[PDB]
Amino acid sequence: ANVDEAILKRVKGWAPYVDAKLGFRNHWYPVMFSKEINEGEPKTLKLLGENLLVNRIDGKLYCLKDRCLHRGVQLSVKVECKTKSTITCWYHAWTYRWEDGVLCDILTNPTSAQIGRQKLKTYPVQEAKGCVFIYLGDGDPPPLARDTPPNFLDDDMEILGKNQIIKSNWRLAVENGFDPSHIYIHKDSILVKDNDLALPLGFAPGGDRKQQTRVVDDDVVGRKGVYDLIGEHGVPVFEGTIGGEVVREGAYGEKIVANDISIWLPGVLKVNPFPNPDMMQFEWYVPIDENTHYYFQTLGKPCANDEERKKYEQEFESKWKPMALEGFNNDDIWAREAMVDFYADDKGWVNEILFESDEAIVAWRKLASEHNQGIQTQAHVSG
């Protein structure tokens, strides 16, 4: 539906992933932090290509599509919230209920036969760990835990993070994240120097294809994921050679990080431990449109009480955010960007030449192709 048929035909093993340029419908996605949306101060955003309005009413979050049923304007051009439970289009005053999207009045014509017979699309929203998730799908949603990685929701896990808009397709972000050889780009990171990380240049793989990863398509709550096992079973490269001469070495630090690396639908990576042996990183690459994503980064640490939490917050602002979320992951941002040209006409999916460590990426494309809950298309966007 999104990609030229010629191209889709020529990718067989994961064609629906190739098609999912706008992301996967019927999943939850984080879009902002809870502290970024205040009582009665609606925020606008784009997700899976659809513009959305999110408001907080009596502490609770609601989501309406930011497109009036009448002439298709964004309501957010001029927000008119005249009662606590409704929003009034600025143009001809069609008035919708935030709770169910029902067109419940029209100030310019109280007699209209439309009133009570139309419904603006709404989306479920839920807050968890200080993060706003929108279920960008139809019908009653599954629990949040299905579309989060293991441990993200643990009672004791304190989540902090950072969000920004990145100009690449979401899949280029996912694949960069889950790619075992990409760690080559991080070899000069200030995190690696200053936090004394052990970091190989990459890994020589051992065993055949199926041993490189482990698919998790079971799971209690229905999570679908892939664990990368390359560097559990492979030989780390610490001395990179060209024609037999050592030209570059890996980082010989003392802290062991990234023992477990996994990727989960709808597109969230878990790195454990990281950036320190006590923490986890959970980052989402959230489809905004064809060319754009939210890079929704979080760092988790278990905390039993409240002064732990206060200690963690101060470590986050002074150390983990600048050193790791920026100083390590910035190189990820421009690596994603650098893949844009080759994949932008959709021909990179056919012309790429993969090698052995891309086994993890192929597993991901397969898992996503068969376990996503729907392919967002242009018909979902303009409909």
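Each form is matched to the other, and the largest set of C-alpha atoms that superpose within 1.5 Å is called the rigid core. All residue numbers refer to positions in the sequence shown, first residue = 1.
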| query | finding |
| --- | --- |
| Which of 144-152 and 228-236 lies farther from this form in 6 other deposited structures of this protein, as RMS of C-alpha positions after a rigid core fit | 228-236 |
| Higher C-alpha RMS shift from the shown form in 6 other deposited structures of this protein - 273-281 or 205-213, rigid core fit | 205-213 |
| 104-112 versus 265-273 - greater average Cα B-factor per the deposited record | 104-112 |
| Residue stretch of maximal mean CA temperature factor, 179-187 vs 249-257 | 249-257 |
| Peak C-alpha temperature factor (PDB record), options 192, 303, 93, 125 | 303 |
| Out of 234, 137, 72, 130, residue topping the C-alpha B-factor column of the entry | 234 |
| Residue 14 by Cα B-factor - lowest, middle or highest third of the modelled chain | highest |
| B-factor third for the C-alpha atom of residue 38 within its chain | highest |
| Entry-reported Cα temperature factor of residue 312, expressed as the chain third it lands in | highest |
| Residue 318, C-alpha B-factor rank within chain (lowest, middle or highest third) | highest |
| Chain thirds of CA B-factor: placement of residue 84 | highest |
